[PDB]
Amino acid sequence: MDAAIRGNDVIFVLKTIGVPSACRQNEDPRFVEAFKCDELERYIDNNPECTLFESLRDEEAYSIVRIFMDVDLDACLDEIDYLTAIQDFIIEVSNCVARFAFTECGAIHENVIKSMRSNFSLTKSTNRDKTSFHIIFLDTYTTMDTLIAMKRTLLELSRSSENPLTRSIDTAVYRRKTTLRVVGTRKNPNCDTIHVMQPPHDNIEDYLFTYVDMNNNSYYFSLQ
């Protein structure tokens, strides 16, 4: 933990793709709402058609986030290839982030490796025609500007890798005002596929990239 780094338990969600700036700013409940996690879980239960997108509420004021990736393989994998690819993916992505943190962020390389590999949540999209998931490194924190600075590094990783999952990292998600679709909710009123939670993580806070509650196991770094 660190005095200079405070947490966040207020989750800001957009209720559709492409919300105006004016509607985010005025927080029109038709388009956006801030929730505690228990409120968010209840809202999802009570709104079975919802399409929810987590976003930083005021990233000029506060932009601490968990490292996350949106993996977009528009192809099907054999089950065993997928399991092997996930494990190799974790190694490749953690090595890549740890090197960037070490050289660009004054970070402790082994703490990035350990925090990333030891605890992460995985979703699985129900679309069986592809291999889509979101990953949250629950205990590895940074700033959104650091993720933006790391965008080309991840792009180059996705180009050099032989791993089909690493190759499918969607680096366009690292940008200002970005969104991550909330697990269990739909993308749009016309597509009914969802991401489901995966063991061993079954609480919604484990699937949110703006939920920040560090403990001494947590590790934080940012651009130096």
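A residue's number is simply how far along the shown sequence it sits, counting from 1.
Annotation for 159-167 versus 60-68: the higher mean temperature factor (C-alpha) is found in 159-167. On average the C-alpha atoms of 81-89 have higher B-factors than those of the other stretch, with 81-89 and 122-130 being the two compared.
The PDB entry gives the largest Cα B-factor of the residues 14, 10, 22, 212 to 22.
Out of 97, 75, 147, 108, the entry records its largest CA B-factor for 75. Among the modelled residues of its chain, residue 41 has a C-alpha B-factor that falls in the lowest third, as given in the PDB entry. The entry lists a Cα temperature factor for residue 53 that places it in the lowest third of the chain's modelled residues.
Per the PDB record, residue ranking by Cα B-factor puts residue 172 in the highest third of the chain. In the deposited entry, the Cα temperature factor of residue 32 places it in the middle third of its chain's modelled residues. In this PDB entry, the Cα temperature factor of residue 47 sits in the middle third of its chain's modelled residues.
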